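Trainee: pasting an experimental structure with its sequence.
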Amino acid sequence: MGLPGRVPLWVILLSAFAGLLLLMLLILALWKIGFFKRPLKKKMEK
């Protein structure tokens, strides 16, 4: 066994799709660490 090192066009899709998962998770991950860093309209009643 051993491929000639070919590069399947899918590599771009399979990769782009693979990296998308992390690339998204970072953006979403921040949001959790972001939104959470912004409490909604504090309470009142003094």
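Mentor: Looks like it came in fine. Numbers count the residues shown, from 1 in each chain.
Trainee: in the protein, which spans are helices?
Mentor: Residue ranges of the helices in the chain, as given by DSSP state H, are 10-35.
Trainee: got the phi/psi numbers for residue 38?
Mentor: phi -160, psi 80 (degrees, to the nearest 10).
Trainee: quick check: it vs residue 29, distance?
Mentor: In this view, residue 38 and residue 29 are 16 Å apart by CB to CB, to the nearest Å. (Each C-beta comes from the backbone N, C-alpha and C, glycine too.)
Trainee: who's more crowded, the two?
Mentor: A direct count of neighbours by other CB atoms under 10 Å for residue 38 and residue 29 places residue 29 higher, at 11 against 6.
Trainee: pull the number of nearby residues for residue 28.
Mentor: If you count neighbours by other CB under 10 Å, residue 28 ends up with 11.
Trainee: and for residue 11?
Mentor: 11.
Trainee: got it, and the one 10 residues further on?
Mentor: Using other CB under 10 Å, residue 21 has 9 neighbouring residues.
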